[PDB]
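One chain comes next, on its own, written out as structure tokens in the form deposited in one PDB entry.
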């Protein structure tokens, strides 16, 4: 049975997502323009990631209990989850019609070629597409999508976490909300093993995060590429 507290948690996270995800993509005009061995898409996609980081921080701040953590722990959690939550939240714009992230317009529709033109390789891009396809196929309720993003952010095993017991206590409240939501509100057959499949997406994200950081380190080690990043991206992903 979904308790009053669990229904409240879901309502907060749905509101938080509403306040931090703009399905009109209006702000994309502000980024450096996309250009389709030159990394022609790096300025645009770095600006897009920088913008997305700001949205993920805004969502995180509204997760019940996140503000009770120390500043150090909030920082560790956001730095370690940012690319994973961006990959998750990007699934909303992903389409299996042509395996692209379609942000409202042809200029802002990104395929595997565009991602390679920001400097990433098939080692990341192939499993990233497989993740987007597998997540899209779960046909998550919006409630499950926002819970999964929150559980991803509040992970007690991230490196450098200090108060791992409090992080785990916050995450457990979200995990039990999600498990009870699936059991009470997701009708079969779509609910079949859904919680385990969602946790599997969190394990897939760790692998994607490790590969992203490897390729980010390689690309940002070249100062000509670092010059095209943003200050926020350099702070979050490293310098």
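Just so we're on the same page, rigid core means the largest C-alpha set that superposes within 1.5 Å between forms. Numbering follows the first chain given and starts at 1.
From this point on, the text means the form deposited in another entry, which you will not see here.
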Residue showing a 2 Å-or-more C-alpha displacement between this form and the one not shown once the rigid core is overlaid, selected from 61, 183, 197, 192 = 192
Does residue 215 count as moved between this form and the one not shown, where moved means a C-alpha shift of 2 angstroms or more after fitting the rigid core?
-> yes
With a shift of at least 3 angstroms, figure out whether the C-alpha spacing between residue 103 and residue 215 grows or shrinks in the other form: closer or farther?
-> farther
Against the displayed form, residue 96 vs residue 190 by Cα, in the other form, with 3 angstroms or more change: pair is farther
